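Participant: There's a structure below that I have some questions on.
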Amino acid sequence: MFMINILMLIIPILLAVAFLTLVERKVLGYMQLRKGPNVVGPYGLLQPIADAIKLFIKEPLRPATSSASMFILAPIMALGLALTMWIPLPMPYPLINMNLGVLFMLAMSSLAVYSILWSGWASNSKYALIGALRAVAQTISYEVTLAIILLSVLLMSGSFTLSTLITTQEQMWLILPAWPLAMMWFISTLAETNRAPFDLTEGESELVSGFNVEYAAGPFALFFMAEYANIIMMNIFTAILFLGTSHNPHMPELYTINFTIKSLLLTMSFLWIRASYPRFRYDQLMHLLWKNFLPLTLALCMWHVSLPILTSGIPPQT
Amino acid sequence: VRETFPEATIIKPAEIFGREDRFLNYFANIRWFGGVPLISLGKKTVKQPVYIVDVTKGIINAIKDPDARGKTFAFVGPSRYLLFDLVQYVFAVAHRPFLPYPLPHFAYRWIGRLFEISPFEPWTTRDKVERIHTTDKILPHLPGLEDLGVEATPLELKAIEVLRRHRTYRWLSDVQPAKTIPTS
Amino acid sequence: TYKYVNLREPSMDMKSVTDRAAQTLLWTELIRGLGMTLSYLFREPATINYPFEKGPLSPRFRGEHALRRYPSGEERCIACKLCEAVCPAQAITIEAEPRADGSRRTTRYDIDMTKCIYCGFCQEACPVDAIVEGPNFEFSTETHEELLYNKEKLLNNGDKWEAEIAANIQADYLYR
Amino acid sequence: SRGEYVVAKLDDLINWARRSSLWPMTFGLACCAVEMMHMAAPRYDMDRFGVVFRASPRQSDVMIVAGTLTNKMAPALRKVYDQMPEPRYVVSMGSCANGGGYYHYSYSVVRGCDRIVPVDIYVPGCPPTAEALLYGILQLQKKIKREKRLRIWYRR
Amino acid sequence: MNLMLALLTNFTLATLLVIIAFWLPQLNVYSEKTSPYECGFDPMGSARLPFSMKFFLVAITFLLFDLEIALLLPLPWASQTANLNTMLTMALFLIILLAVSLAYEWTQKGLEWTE
Amino acid sequence: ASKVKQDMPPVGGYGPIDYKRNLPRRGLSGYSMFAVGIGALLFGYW
Ligand code: SF4
Ligand code: SF4
Ligand code: SF4
């Protein structure tokens, strides 16, 4: 029955990713005064299926002078880690109930940077290796603030257990006590996923190619699924972290409905932001992290270490 | 054909090599299977491959040549090679490791029988193995490419263009010409 | 008369400095940009339902070519070769000779629709309204040869679009 | 069954997938690129047919050659075409790409992009209206809907 | 067990999609294809990418900062101690030295990108 | 004896057409925004 549980998680994720491509093209469409896909199926509902079939029956070009082992490893690593990060999520009951679930999320997230690095190496292009180095430097910079921000929030929750964040917010959302941290967390999850205005590689098209410009067909599709699987997961993580839903043990479906709505709105906020702003220059988004976000995150880490002690509000360890 | 259309021109080429050929490209994808199986280690077969453009210019010159009506030609290359020393050259030009090993005729047909199950273009077949190892006939009594005003192109000149795509590095940095069976 | 676009001195009173600090820290003017795209999400899109709806055009539209006739069915063209002289792209080729009845008519009239720049000079030059650019703009082909029109194709277009070509000329000839 | 029935339906599935997800790489070379940008604009919104605004060469299905193709640019247009994964289609937009157009007799102009690459659809005009280009794309979908790749393979 | 099955399922599914992504489609390869995209023009040099020192310093700065975060991770468990005064002092000492490390790179032009 | 008729403006001309920049003021001042922000923190901490 546990193997049924795994499939009941993986398959819907790959369907949610499929229909996030439809919503992104229709929300961006209407925010640009047009309609988006509405011809392939009713209201475009079959568009993700057509795109899926199309990609997987196209030539999977691999340059002859590309390291085959790394060219294949990168999409497997990216998608494999993208699905792994979903297993500890309390929605409301985790598939795998980890005592250190939060630290597991960080640990797996930092491994995904390899797929960017391996793909750049395997291209043997040097129009993509620079893109990979720029992308990797961006990603590792912004997981510094994710860790310190996440550490600050856990000082009001008490543990790294993901389910304990539900108990912490049983009276009030953590966004009120920690709206300064939530703001930078939201931007930091935009830069980790290479989402606009932090998309210097995927779709910059400013004398800068993407690290996966050399991928075509199914292998490109796999990278796309990993990227979009992470967008939903990061926004589901934000809902649990700052917008905790009340959990009724007798009506657990009530939690899932409310928690599903919040995650969708946060995900649609990613689409909202892409339609509204230009993109940071690469050296500007490094100054955003090292000169603006990092000094403020450090100060709020000091403040959130001493605030429970000086208010006698230290959370329980269990 | 010679009876139905007596005035027809018949061209008999050896294995034709070129960018899209299945002759040099055939002795380069066998790397997918480790070593290179060759019946009798590829020593009892003599090959005289010809260039695609040479065969093409022969056909065109045969259209404008009134002397080609009701005539049979044999388009062959300028040099003769042993199947072993030609297959060695392909790997040398392609810069791929060369691990030849003999295989008996009955066993080589067995694996050819296996690849024939493919409902798509078979990678190899029993008939293909027979032709790869068949020695190219000498027909001195038939006009060649010299009677049509065509000079045969050595395989050495045009092997690099065919086998460039099989190499794994760009701007690697040479290979020696393959051994050739002298005439007579 | 000139005006300055970016010549201003920001005020330096604590009220104004704190407003700019609030904008820097609270992202106020970025969220104001999110409100402009939120409004568009709740407007009616300008998309039309092509091919069931079509974009508006005027009687002056210059589309696919056609050779016209008089009401009797006689060709209007009298092989004067004015359209061939004025054609800035040299897309018109004409050969003519006396017809069996002695009239001045063309034996070749080709428009290379791949040299043509759809400029309308041929219908301005024509003194008998023979060569016109019709209202059709939906004649894309699958081959380059289908776009080398000869006299038969152009006379078929005229007999095909006369009902609509005649109406457009009726609505614009007073401006010509 | 008959075998021909299964292959016939599989063709429809892959034909429907390929025409409903046409991802074009646009070679905006001259004025005809402007009319191509008006087809992406709200009124015609090519994105609503499954045709994305722009795609990189390695994920593009059709090349729209929109504008004059000069001799200097000709080598670069072939290189991009060779690197497009198959199936690949080419739409020649406008007179300049169709046959040379206004600059047919120039010393520096390729008299038609069909000299460099195969062309599946020719869209006439100088420029074609954004609607006449959308008619070409829709006319390319029907061409792909008539493909019989598997029916032919089944009868080999 | 349950964790190993989950990881195996996630990474086996990814591998399956890759194999059917390379074998299902119909292939046709030639030298003009299967070359680096570049931008439609031939490569202008047979040399690898020059080494940029600034990109090397961000990786090292992340590493050293990432090591100091490793020390800050056990803070939630550290706040449960009875020696809160000592714990609080060492918690703030670590974060302050992390900021002093940031201040050094900042003032020494370590965070700039202008050559 | 029909009169000349061509595209002309109506009698009295057309109505006035706005062209100057219009970016209306919105929101509160910096003091109020920080007061709401800190007040939210204080309620949350409590
Ligand atoms: S529209 Fe202009 S270019 Fe075309 S045939 Fe007429 S005169 Fe020539
Ligand atoms: S179409 Fe008109 S201008 Fe041209 S030759 Fe005929 S009558 Fe003269
Ligand atoms: S066909 Fe016309 S619009 Fe298009 S590039 Fe040529 S001159 Fe410009």
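In the structure tokens, the first chain shown is A, the next is B, and so on; residue numbers restart at 1 for each chain, and ligands run from 1 in the order shown.
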Which chains and residue numbers are within 9 Å of ligand 3, counting only C-alpha atoms and all ligand atoms, if I want them as number ranges by chain?
Facilitator: C: 114-118; D: 28-35, 66-69, 93-98, 100-103, 124-128
Participant: Can you tell me which residues sit at most 7 Å away from ligand 2, counting only C-alpha atoms and all ligand atoms, written as a list in words?
Facilitator: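 Using only C-alpha atoms and all ligand atoms, I find these residues within 7 Å of ligand 2: residues 76, 77, 78, 79, 80, 81, 82, 83, 84, 122, 125, 126, 127, 128, 129, 130 and 131 of chain C.
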Participant: What lies within 12 Å of residue B:1 using only C-alpha atoms, ignoring chain neighbours under 6 positions off, as a PDB file with N, CA and C atoms, in the first residue's frame?
Facilitator:
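As written to disk, out-v7.pdb reads:
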```pdb
ATOM      1  N   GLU B   7      19.519  -1.937 -75.251  1.00  0.00           N
ATOM      2  CA  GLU B   7      20.386  -0.768 -75.343  1.00  0.00           C
ATOM      3  C   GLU B   7      20.728  -0.174 -73.982  1.00  0.00           C
ATOM      4  N   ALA B   8      20.256  -0.770 -72.894  1.00  0.00           N
ATOM      5  CA  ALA B   8      20.487  -0.216 -71.568  1.00  0.00           C
ATOM      6  C   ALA B   8      21.967  -0.233 -71.208  1.00  0.00           C
ATOM      7  N   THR B   9      22.375   0.767 -70.432  1.00  0.00           N
ATOM      8  CA  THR B   9      23.708   0.833 -69.852  1.00  0.00           C
ATOM      9  C   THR B   9      23.647   0.287 -68.434  1.00  0.00           C
ATOM     10  N   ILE B  10      24.559  -0.624 -68.107  1.00  0.00           N
ATOM     11  CA  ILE B  10      24.593  -1.275 -66.803  1.00  0.00           C
ATOM     12  C   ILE B  10      25.897  -0.896 -66.120  1.00  0.00           C
ATOM     13  N   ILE B  11      25.789  -0.318 -64.926  1.00  0.00           N
ATOM     14  CA  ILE B  11      26.933   0.085 -64.119  1.00  0.00           C
ATOM     15  C   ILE B  11      27.041  -0.884 -62.954  1.00  0.00           C
ATOM     16  N   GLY B  70      24.016   0.102 -74.544  1.00  0.00           N
ATOM     17  CA  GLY B  70      24.257  -1.331 -74.593  1.00  0.00           C
ATOM     18  C   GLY B  70      25.646  -1.727 -74.143  1.00  0.00           C
ATOM     19  N   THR B  72      28.287  -2.424 -70.566  1.00  0.00           N
ATOM     20  CA  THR B  72      28.336  -2.747 -69.148  1.00  0.00           C
ATOM     21  C   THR B  72      29.644  -2.239 -68.561  1.00  0.00           C
TER      22      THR B  72
END
```
Participant: Please report as JSON lines every residue of chain C lying within 12 Å of ligand 1, along with the nearest atom pair and their distance in Å (one decimal), using only C-alpha atoms and all ligand atoms.
Facilitator:
```
{"residue": "C:61", "atom": "CA", "partner": "ligand 1", "partner_atom_place_in_ligand_line": "1 (S)", "distance": 11.4}
{"residue": "C:62", "atom": "CA", "partner": "ligand 1", "partner_atom_place_in_ligand_line": "1 (S)", "distance": 7.7}
{"residue": "C:63", "atom": "CA", "partner": "ligand 1", "partner_atom_place_in_ligand_line": "1 (S)", "distance": 8.6}
{"residue": "C:64", "atom": "CA", "partner": "ligand 1", "partner_atom_place_in_ligand_line": "1 (S)", "distance": 9.1}
{"residue": "C:65", "atom": "CA", "partner": "ligand 1", "partner_atom_place_in_ligand_line": "5 (S)", "distance": 7.9}
{"residue": "C:66", "atom": "CA", "partner": "ligand 1", "partner_atom_place_in_ligand_line": "5 (S)", "distance": 10.5}
{"residue": "C:67", "atom": "CA", "partner": "ligand 1", "partner_atom_place_in_ligand_line": "5 (S)", "distance": 11.8}
{"residue": "C:81", "atom": "CA", "partner": "ligand 1", "partner_atom_place_in_ligand_line": "7 (S)", "distance": 11.3}
{"residue": "C:82", "atom": "CA", "partner": "ligand 1", "partner_atom_place_in_ligand_line": "7 (S)", "distance": 9.5}
{"residue": "C:83", "atom": "CA", "partner": "ligand 1", "partner_atom_place_in_ligand_line": "7 (S)", "distance": 6.1}
{"residue": "C:84", "atom": "CA", "partner": "ligand 1", "partner_atom_place_in_ligand_line": "8 (Fe)", "distance": 7.3}
{"residue": "C:85", "atom": "CA", "partner": "ligand 1", "partner_atom_place_in_ligand_line": "7 (S)", "distance": 8.5}
{"residue": "C:86", "atom": "CA", "partner": "ligand 1", "partner_atom_place_in_ligand_line": "7 (S)", "distance": 6.0}
{"residue": "C:87", "atom": "CA", "partner": "ligand 1", "partner_atom_place_in_ligand_line": "7 (S)", "distance": 3.6}
{"residue": "C:88", "atom": "CA", "partner": "ligand 1", "partner_atom_place_in_ligand_line": "3 (S)", "distance": 5.5}
{"residue": "C:89", "atom": "CA", "partner": "ligand 1", "partner_atom_place_in_ligand_line": "3 (S)", "distance": 4.9}
{"residue": "C:90", "atom": "CA", "partner": "ligand 1", "partner_atom_place_in_ligand_line": "8 (Fe)", "distance": 6.2}
{"residue": "C:91", "atom": "CA", "partner": "ligand 1", "partner_atom_place_in_ligand_line": "8 (Fe)", "distance": 5.2}
{"residue": "C:92", "atom": "CA", "partner": "ligand 1", "partner_atom_place_in_ligand_line": "5 (S)", "distance": 5.8}
{"residue": "C:93", "atom": "CA", "partner": "ligand 1", "partner_atom_place_in_ligand_line": "5 (S)", "distance": 9.6}
{"residue": "C:94", "atom": "CA", "partner": "ligand 1", "partner_atom_place_in_ligand_line": "5 (S)", "distance": 11.7}
{"residue": "C:109", "atom": "CA", "partner": "ligand 1", "partner_atom_place_in_ligand_line": "5 (S)", "distance": 10.9}
{"residue": "C:110", "atom": "CA", "partner": "ligand 1", "partner_atom_place_in_ligand_line": "5 (S)", "distance": 9.2}
{"residue": "C:111", "atom": "CA", "partner": "ligand 1", "partner_atom_place_in_ligand_line": "5 (S)", "distance": 6.1}
{"residue": "C:112", "atom": "CA", "partner": "ligand 1", "partner_atom_place_in_ligand_line": "5 (S)", "distance": 7.6}
{"residue": "C:113", "atom": "CA", "partner": "ligand 1", "partner_atom_place_in_ligand_line": "4 (Fe)", "distance": 7.2}
{"residue": "C:114", "atom": "CA", "partner": "ligand 1", "partner_atom_place_in_ligand_line": "4 (Fe)", "distance": 9.0}
{"residue": "C:115", "atom": "CA", "partner": "ligand 1", "partner_atom_place_in_ligand_line": "3 (S)", "distance": 6.8}
{"residue": "C:116", "atom": "CA", "partner": "ligand 1", "partner_atom_place_in_ligand_line": "4 (Fe)", "distance": 3.8}
{"residue": "C:117", "atom": "CA", "partner": "ligand 1", "partner_atom_place_in_ligand_line": "3 (S)", "distance": 4.2}
{"residue": "C:118", "atom": "CA", "partner": "ligand 1", "partner_atom_place_in_ligand_line": "1 (S)", "distance": 3.6}
{"residue": "C:119", "atom": "CA", "partner": "ligand 1", "partner_atom_place_in_ligand_line": "2 (Fe)", "distance": 3.9}
{"residue": "C:120", "atom": "CA", "partner": "ligand 1", "partner_atom_place_in_ligand_line": "1 (S)", "distance": 4.1}
{"residue": "C:121", "atom": "CA", "partner": "ligand 1", "partner_atom_place_in_ligand_line": "7 (S)", "distance": 4.2}
{"residue": "C:122", "atom": "CA", "partner": "ligand 1", "partner_atom_place_in_ligand_line": "7 (S)", "distance": 4.0}
{"residue": "C:123", "atom": "CA", "partner": "ligand 1", "partner_atom_place_in_ligand_line": "6 (Fe)", "distance": 6.8}
{"residue": "C:124", "atom": "CA", "partner": "ligand 1", "partner_atom_place_in_ligand_line": "7 (S)", "distance": 8.5}
{"residue": "C:125", "atom": "CA", "partner": "ligand 1", "partner_atom_place_in_ligand_line": "7 (S)", "distance": 8.4}
{"residue": "C:126", "atom": "CA", "partner": "ligand 1", "partner_atom_place_in_ligand_line": "7 (S)", "distance": 10.0}
{"residue": "C:130", "atom": "CA", "partner": "ligand 1", "partner_atom_place_in_ligand_line": "6 (Fe)", "distance": 11.9}
{"residue": "C:131", "atom": "CA", "partner": "ligand 1", "partner_atom_place_in_ligand_line": "6 (Fe)", "distance": 8.3}
{"residue": "C:132", "atom": "CA", "partner": "ligand 1", "partner_atom_place_in_ligand_line": "6 (Fe)", "distance": 8.2}
{"residue": "C:133", "atom": "CA", "partner": "ligand 1", "partner_atom_place_in_ligand_line": "1 (S)", "distance": 7.1}
{"residue": "C:134", "atom": "CA", "partner": "ligand 1", "partner_atom_place_in_ligand_line": "1 (S)", "distance": 10.7}
{"residue": "C:148", "atom": "CA", "partner": "ligand 1", "partner_atom_place_in_ligand_line": "5 (S)", "distance": 11.5}
{"residue": "C:149", "atom": "CA", "partner": "ligand 1", "partner_atom_place_in_ligand_line": "5 (S)", "distance": 10.7}
{"residue": "C:154", "atom": "CA", "partner": "ligand 1", "partner_atom_place_in_ligand_line": "5 (S)", "distance": 11.7}
```
Participant: Generate the output file for the selected residues, N, CA and C atoms, as a short mmCIF file (atom, residue, chain, number, x, y, z; two decimals), in the first residue's frame.
Facilitator:
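The resulting out.cif:
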```
data_model
loop_
_atom_site.label_atom_id
_atom_site.label_comp_id
_atom_site.auth_asym_id
_atom_site.auth_seq_id
_atom_site.Cartn_x
_atom_site.Cartn_y
_atom_site.Cartn_z
N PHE C 61 -7.67 48.25 -49.72
CA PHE C 61 -6.70 47.20 -49.42
C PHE C 61 -6.10 46.63 -50.70
N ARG C 62 -4.80 46.39 -50.68
CA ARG C 62 -4.06 45.87 -51.83
C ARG C 62 -3.66 44.43 -51.52
N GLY C 63 -4.36 43.49 -52.15
CA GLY C 63 -4.10 42.08 -51.94
C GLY C 63 -3.72 41.33 -53.20
N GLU C 64 -4.36 40.19 -53.43
CA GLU C 64 -4.05 39.37 -54.60
C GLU C 64 -4.53 40.05 -55.87
N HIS C 65 -3.77 39.87 -56.95
CA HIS C 65 -4.05 40.53 -58.21
C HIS C 65 -5.17 39.83 -58.96
N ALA C 66 -5.76 40.57 -59.90
CA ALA C 66 -6.83 40.02 -60.74
C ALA C 66 -6.97 40.89 -61.97
N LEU C 67 -7.28 40.26 -63.10
CA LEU C 67 -7.59 40.94 -64.35
C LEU C 67 -9.10 40.96 -64.54
N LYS C 81 0.90 48.06 -71.64
CA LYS C 81 2.19 47.86 -70.99
C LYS C 81 2.60 49.06 -70.13
N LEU C 82 1.61 49.80 -69.62
CA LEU C 82 1.91 50.84 -68.63
C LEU C 82 2.23 50.22 -67.28
N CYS C 83 1.47 49.20 -66.89
CA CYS C 83 1.74 48.52 -65.63
C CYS C 83 3.12 47.87 -65.64
N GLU C 84 3.58 47.43 -66.80
CA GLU C 84 4.90 46.81 -66.89
C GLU C 84 6.01 47.85 -66.79
N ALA C 85 5.76 49.07 -67.27
CA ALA C 85 6.76 50.13 -67.18
C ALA C 85 6.87 50.67 -65.76
N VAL C 86 5.74 50.82 -65.06
CA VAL C 86 5.76 51.44 -63.75
C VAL C 86 6.14 50.46 -62.64
N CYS C 87 6.01 49.16 -62.88
CA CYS C 87 6.21 48.18 -61.82
C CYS C 87 7.60 48.35 -61.21
N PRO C 88 7.71 48.83 -59.98
CA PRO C 88 9.05 49.07 -59.41
C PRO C 88 9.88 47.81 -59.25
N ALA C 89 9.27 46.63 -59.23
CA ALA C 89 10.00 45.39 -59.03
C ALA C 89 10.18 44.58 -60.30
N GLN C 90 9.65 45.05 -61.43
CA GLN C 90 9.71 44.33 -62.70
C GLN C 90 9.08 42.94 -62.58
N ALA C 91 7.92 42.89 -61.94
CA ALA C 91 7.21 41.64 -61.73
C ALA C 91 6.21 41.32 -62.83
N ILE C 92 5.99 42.22 -63.78
CA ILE C 92 5.00 42.04 -64.84
C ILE C 92 5.73 41.78 -66.15
N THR C 93 5.31 40.75 -66.87
CA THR C 93 5.82 40.43 -68.19
C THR C 93 4.65 40.31 -69.14
N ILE C 94 4.70 41.04 -70.25
CA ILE C 94 3.58 41.15 -71.17
C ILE C 94 4.07 40.89 -72.59
N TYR C 109 0.56 37.48 -69.94
CA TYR C 109 0.45 38.45 -68.85
C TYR C 109 0.76 37.70 -67.57
N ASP C 110 2.01 37.78 -67.13
CA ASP C 110 2.48 37.10 -65.94
C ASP C 110 2.86 38.11 -64.88
N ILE C 111 2.43 37.86 -63.65
CA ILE C 111 2.94 38.57 -62.48
C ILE C 111 3.67 37.56 -61.62
N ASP C 112 4.96 37.78 -61.42
CA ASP C 112 5.74 36.99 -60.47
C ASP C 112 5.40 37.50 -59.08
N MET C 113 4.52 36.78 -58.39
CA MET C 113 4.05 37.22 -57.08
C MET C 113 5.13 37.12 -56.01
N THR C 114 6.34 36.71 -56.37
CA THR C 114 7.48 36.70 -55.47
C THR C 114 8.45 37.84 -55.73
N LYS C 115 8.35 38.52 -56.87
CA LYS C 115 9.01 39.79 -57.08
C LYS C 115 8.14 40.96 -56.68
N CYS C 116 6.83 40.78 -56.71
CA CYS C 116 5.90 41.88 -56.49
C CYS C 116 5.99 42.39 -55.06
N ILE C 117 5.95 43.71 -54.91
CA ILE C 117 5.95 44.34 -53.60
C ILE C 117 4.57 44.85 -53.22
N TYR C 118 3.53 44.44 -53.94
CA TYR C 118 2.15 44.74 -53.59
C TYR C 118 1.98 46.23 -53.29
N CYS C 119 2.39 47.04 -54.26
CA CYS C 119 2.46 48.48 -54.11
C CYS C 119 1.29 49.22 -54.73
N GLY C 120 0.59 48.62 -55.69
CA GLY C 120 -0.56 49.24 -56.29
C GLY C 120 -0.27 50.16 -57.46
N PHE C 121 1.00 50.34 -57.84
CA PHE C 121 1.31 51.24 -58.93
C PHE C 121 0.73 50.75 -60.25
N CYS C 122 0.54 49.43 -60.38
CA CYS C 122 0.00 48.89 -61.62
C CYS C 122 -1.45 49.28 -61.82
N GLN C 123 -2.24 49.33 -60.74
CA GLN C 123 -3.64 49.71 -60.88
C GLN C 123 -3.80 51.22 -60.98
N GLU C 124 -2.85 51.99 -60.44
CA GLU C 124 -2.84 53.42 -60.69
C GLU C 124 -2.51 53.73 -62.14
N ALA C 125 -1.54 53.00 -62.70
CA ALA C 125 -1.10 53.27 -64.06
C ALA C 125 -2.14 52.84 -65.09
N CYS C 126 -2.88 51.78 -64.82
CA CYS C 126 -3.79 51.22 -65.80
C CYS C 126 -4.86 52.23 -66.18
N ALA C 130 -8.10 47.55 -65.69
CA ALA C 130 -7.99 46.13 -66.00
C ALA C 130 -7.28 45.37 -64.89
N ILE C 131 -6.06 45.78 -64.56
CA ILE C 131 -5.29 45.15 -63.50
C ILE C 131 -5.61 45.86 -62.19
N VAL C 132 -6.05 45.09 -61.20
CA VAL C 132 -6.34 45.59 -59.87
C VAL C 132 -5.72 44.64 -58.86
N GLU C 133 -5.53 45.13 -57.65
CA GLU C 133 -5.21 44.29 -56.51
C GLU C 133 -6.49 44.07 -55.72
N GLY C 134 -6.92 42.83 -55.63
CA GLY C 134 -8.17 42.50 -54.99
C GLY C 134 -8.07 42.49 -53.49
N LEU C 148 3.84 32.02 -59.48
CA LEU C 148 4.19 32.65 -60.75
C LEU C 148 2.91 32.64 -61.59
N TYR C 149 2.10 33.68 -61.43
CA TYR C 149 0.81 33.74 -62.10
C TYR C 149 0.97 34.04 -63.58
N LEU C 154 -4.76 34.90 -63.55
CA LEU C 154 -5.23 36.24 -63.23
C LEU C 154 -6.65 36.47 -63.73
#
```
Participant: If you run DSSP on the backbone, which residues of chain E are alpha helix (DSSP H), as a ChimeraX atom specification?
Facilitator: /E:2-23,53-72,75-78,84-107
Participant: Kindly assemble as a tab-separated table a list of the chain A residues that lie within 9 Å of chain C, each paired with its nearest atom pair and their distance in Å to one decimal, using only C-alpha atoms, sorted first by chain and then by ascending residue number.
Facilitator:
```
residue	atom	partner	partner_atom	distance
A:27	CA	C:41	CA	7.3
A:28	CA	C:41	CA	8.4
A:29	CA	C:41	CA	8.3
A:30	CA	C:41	CA	4.9
A:31	CA	C:41	CA	4.4
A:32	CA	C:40	CA	6.8
A:33	CA	C:45	CA	4.4
A:34	CA	C:45	CA	4.6
A:35	CA	C:45	CA	6.4
A:272	CA	C:34	CA	7.3
A:273	CA	C:34	CA	7.2
A:275	CA	C:37	CA	7.3
A:276	CA	C:34	CA	6.0
A:277	CA	C:33	CA	7.8
```
Participant: Here is a test: counting only C-alpha atoms, which residue of B:47, B:22, B:71, B:2 is nearest to residue B:180?
Facilitator: B:47
Participant: Restrict the calculation to only C-alpha atoms, then for each residue of chain F with any atom at most 7 Å from an atom of chain C give the closest atom pair and their distance in Å to one decimal, rows by chain and rising residue number, as CSV.
Facilitator:
```
residue,atom,partner,partner_atom,distance
F:29,CA,C:19,CA,5.9
F:30,CA,C:19,CA,4.1
F:31,CA,C:18,CA,6.9
```
Participant: May I have the selected residues written with N, CA and C atoms, as a PDB file, in the first residue's frame?
Facilitator:
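Saved to again-v2.pdb:
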```pdb
ATOM      1  N   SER F  29       2.270  57.596   4.015  1.00  0.00           N
ATOM      2  CA  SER F  29       3.624  58.110   4.126  1.00  0.00           C
ATOM      3  C   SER F  29       4.543  57.048   4.720  1.00  0.00           C
ATOM      4  N   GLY F  30       5.838  57.359   4.741  1.00  0.00           N
ATOM      5  CA  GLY F  30       6.799  56.413   5.279  1.00  0.00           C
ATOM      6  C   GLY F  30       6.570  56.123   6.748  1.00  0.00           C
ATOM      7  N   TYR F  31       6.270  57.159   7.533  1.00  0.00           N
ATOM      8  CA  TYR F  31       6.039  56.962   8.959  1.00  0.00           C
ATOM      9  C   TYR F  31       4.912  55.969   9.197  1.00  0.00           C
TER      10      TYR F  31
END
```
Participant: Find the residues of chain A in contact range of chain B, meaning any atom within 9 Å when counting only C-alpha atoms, and list them as a list in words.
Facilitator: residues 64, 65, 66 and 67 of chain A
Participant: Which residues are near residue A:199? Cut-off 10 Å, only C-alpha atoms, ignore same chain within fewer than 4 positions. Put them as a CSV table (one decimal) with C-alpha atoms, in the first residue's frame.
Facilitator:
```csv
chain,number,residue,atom,x,y,z
A,135,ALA,CA,23.8,30.1,-13.0
A,190,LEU,CA,12.6,33.1,-7.1
A,191,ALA,CA,16.4,33.2,-7.6
A,192,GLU,CA,17.0,29.6,-6.8
A,193,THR,CA,14.5,28.5,-9.5
A,194,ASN,CA,15.9,30.9,-12.0
A,195,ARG,CA,12.6,32.7,-12.3
A,203,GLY,CA,15.5,32.9,-21.1
A,204,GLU,CA,17.7,36.0,-20.8
A,205,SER,CA,18.4,36.2,-24.6
A,210,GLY,CA,21.2,29.0,-21.1
A,274,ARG,CA,7.3,37.4,-14.4
A,279,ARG,CA,15.3,41.2,-15.3
A,280,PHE,CA,18.2,42.0,-13.0
A,281,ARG,CA,21.6,42.3,-14.6
A,282,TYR,CA,23.8,39.5,-13.3
```
Participant: Tell me which protein, DNA and RNA residues are within 9 Å of residue E:21, counting only C-alpha atoms, leaving out same-chain ones fewer than 3 positions away, and put them as a PyMOL selection string.
Facilitator: (chain A and resi 55-60+217-219) or (chain E and resi 16-18+24-25)
